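Protein chains in written order, with the authors' numbering: chain A, 60 to 112; chain I, 1 to 37, 48 to 430. By construction, the Cβ of each residue, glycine as well, lies at the ideal position given by its N, Cα and C atoms.
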Ligand SMILES: Nc1nc2c(ncn2[C@@H]2O[C@H](COP(=O)(O)OP(=O)(O)O)[C@@H](O)[C@H]2O)c(=O)[nH]1
């Protein structure tokens, strides 16, 4: 009982690793969202061209 | 499932039906041969699709008018119930003596078209209101089939007399005679005037040669947009009965108005975008309705907006709430949130949005009031009465008819003043 591994010694590692993972996922989601938005805009432009014709 | 037998009759009925089946065939991607390239059509040997519509009249010329036209070969020749005598533009002729002893064949055809279905929902008639054969046979068929099939529902797309100048001189008589048969035996009746259609086609689309074909096309587009939320998928689908229950508060206030959107000219189309605030701004406009009764002179007991295409429902709901809370006067209060919405998921053939507006307003009563004048000014002098009397018509009925009409308009006059 002199030492209990139930305390978190490497809290810094947990924190930094979670930060990096969160940044990675945020980047992926930002990219896919921008892609979706641009696709929606191009579809709207397509309907614009159909109506003009 | 939930089929529709479209009955027509009279000149206006036949023409509007021709253009309406044209538009429907266009929607489902059909060609005049009748092949694809249950709610409306019926399958036939060899993949053919025959419309489920009977066409009736007392004058066999209108047949050759509708049949020879394009998209004409569809209607099965076993349904053209065309008496070979004549109509004459008279109610008692087409309801008691001449256009009445033929109704048995029309009932035969309607029965052979109905008992062959699985779950029939409602009848959908298109006819004039003062035309002799049209109005007469329409109201007689209404009485018969409604006394016969109460499980189903009834819907009639009538055309009212042109308010400013008439098109026939005996139109008030037959209009009142039909009104007295409608409020007792119908369940949904929309009204259209041949007058506001001119103002629209001339001040909304900047047309110069508006042919009756194009006005019928507009009316038929509205009729299709009405029920388009039934035969197609939708985020929130409506029918011919969700309207009949979300609109009429009482068994007689069932005379609606029709509006289609969007309708645009060439330049006006070049300059305006397709965003649902714009469609709403165009929808409620008095100059955009198919009924020559400025709704500004009244309120809306209720109004259903059936959209089409694809759009965020939050936009629809925000537009509804804004137009309702902002025009807080033009809506009656004792029925909170008196405007109903619905969203199907199919745009028209060549657009991105679409809006049909079916409005039970308390403003069309004025139109009836107008008729209540003319008929009254054509009865104390017994004008033209002897033609109707010549077919066994008892003048007594006329009286109650007018009386009935009275109650009708009186009804509306009791509600636009009601407060709570
Ligand atoms: N928009 C439009 N209205 C029509 C047409 N044909 C007839 N109408 C209306 O029909 C009314 C005359 O009554 P009608 O039904 O034609 O007489 P009937 O068919 O001989 O009984 C007129 O008020 C016209 O406005 C049409 O093709 N298009």
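In this chain, residue 61 (chain I) is not harboured by any alpha helix (DSSP H); it is covered by the beta strand (DSSP E) spanning 58-61. Residue 92 (chain I) is positioned such that its CB atom lies no closer than 9 Å to that of residue 61 (chain I).
When C-beta distances to chain A are compared with 9 Å, the residues of the region 359-376 of chain I below that value are 360, 361, 362, in chain order. Per DSSP, reduced to three states, the secondary structure at residue 85 (chain I) is coil, with no helix or strand assignment. Per DSSP, residue 318 (chain I) is not a residue of any alpha helix (DSSP H); the beta strand (DSSP E) it occupies stretches across 310-319. Going by C-alpha positions, residue 425 (chain I) is about 58 Å away from residue 85 (chain A). Proximity to residue 261 (chain I) across I:301, I:201, I:195 peaks at I:195, based on C-alpha coordinates. Nearest Cα to residue 381 (chain I) within the set I:160, I:29, I:189, I:118: I:189. Taking a beta-carbon distance threshold of 9 Å, residue 98 (chain A) does not count as an interface residue toward chain I. For residue 199 (chain I), the enclosing beta strand (DSSP E) covers residues 199-203.
For residue 369 (chain I), DSSP records a beta bridge to I:313.
C-alpha of residue 89 (chain I) to C-alpha of residue 153 (chain I): approximately 20 Å in a straight line.
Per DSSP, the unbroken beta strand (DSSP E) holding residue 268 (chain I) starts and ends at 268-271. The straight-line gap separating the alpha-carbon atoms of residue 298 (chain I) and residue 367 (chain I) is approximately 10 Å. CA-CA distance, residue 377 (chain I) to residue 197 (chain I), rounds to 20 Å.
In the structure shown, residue 168 (chain I) falls within a strand segment according to DSSP collapsed to helix, strand and coil. In the structure shown, residue 132 (chain I) falls within a strand segment according to DSSP collapsed to helix, strand and coil.
Linking residue 371 (chain I) to residue 80 (chain A) through their CA atoms gives a straight-line distance of about 60 Å. Beta-bridge analysis with DSSP links residue 350 (chain I) to I:314.
With respect to the C-alpha of residue 326 (chain I), the residue from I:165, I:383, I:364 having the closest C-alpha is I:364.
Below 8 Å, too few C-beta pairs join the region 93-103 of chain A and the region 99-110 of chain I to call them touching: fewer than three.
Under the DSSP assignment, residue 281 (chain I) falls in the alpha helix (DSSP H) whose first and last residues are 276-281. The residues 271, 272, 363, 365, in chain order, have a CB closer than 7 Å to that of residue 289 (chain I) in the same chain once the five nearest residues on each side in sequence are set aside. The nearest non-hydrogen atom of ligand 1 is 8 Å or more from the C-beta of residue 7 (chain I). Take the alpha-carbon of residue 56 (chain I) and the one of residue 149 (chain I): they are about 37 Å apart. Contact check for residue 118 (chain I) against residue 170 (chain I) fails: the beta carbons are separated by 9 Å or more. Residue 105 (chain A) sits exposed, since fewer than 16 C-beta atoms from the chains shown fall within 10 Å of its C-beta. Linking residue 383 (chain I) to residue 35 (chain I) through their CA atoms gives a straight-line distance of about 51 Å. Counting along the chain, the unbroken alpha helix (DSSP H) around residue 190 (chain I) starts and ends at 181-192.
For residue 3 (chain I), the pairing in a beta bridge is given by DSSP as I:130.
Ranking I:286, I:398, I:252, I:302 by CA distance to the CA of residue 324 (chain I) puts I:286 first. According to the DSSP assignment, residue 92 (chain I) belongs to the beta strand (DSSP E) that extends over 90-92.
Taking 9 Å as the threshold, the shortest C-beta distance from residue 78 (chain A) to chain I does not fall below it. C-alpha of residue 237 (chain I) to C-alpha of residue 76 (chain A): approximately 58 Å in a straight line.
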